[PDB]
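Numbering (the entry's author numbering), first residue to last: 154 to 202. Note that beta-carbon positions come from the ideal geometry of N, C-alpha and C, so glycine has one too.
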DNA sequence: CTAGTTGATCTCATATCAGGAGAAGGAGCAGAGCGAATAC
RNA sequence: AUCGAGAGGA
DNA sequence: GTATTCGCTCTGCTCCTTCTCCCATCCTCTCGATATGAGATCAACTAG
């Protein structure tokens, strides 16, 4: 699950609620946690179809 | 001499796209050149 | 430790 | 008996195809993946 996505537990949480889960409110999300490692998918250019 | 004990070692057996450049080969055509082969 | 990958530095 | 061809070979010439090679130096870091014993043989004992 990508963090801060709709299906993330951090979805819709207030800055209170994030801090109260030990999360940074300024953290944008948009990445995955695989084996504890934060992984970000890079958009890949391709020639339109 | 001469049999019995001790280790090592081997076999065998048990289941279940937006590269490029150059060198080497083969291909097909083109002709040259010489043997034979009709033929005047 | 090896391999690969990635991100960087000059 | 010499023209004249003429079939056949011998290169040889472009060209297209294949294939094989190469693509700066050095340095740092992180991160993920990556059996067991029985029997036989032989050789050293280990003594008789």
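Can you check which of these residues, 158, 170, 185 and 201, is closest to residue 195 by C-alpha distance?
Closest by alpha carbon: 185.
Under the three-state reduction of DSSP, which class applies to residue 173: helix, strand or coil?
The three-state reading of DSSP puts residue 173 in helix, counting H, G and I together.
Is the separation between the beta-carbon of residue 174 and that of residue 180 shorter than 9 Å?
Against a cut-off of 9 Å, the Cβ pair of residue 180 and residue 174 comes out as no contact.
Grab the span of the beta strand (DSSP E) containing residue 190 for me, first residue to last.
Start and end: 190–192.
State the Cα-Cα distance for the pair residue 165 and residue 156, rounded to the nearest angstrom.
Spanning the two alpha carbons is a distance of roughly 12 Å.
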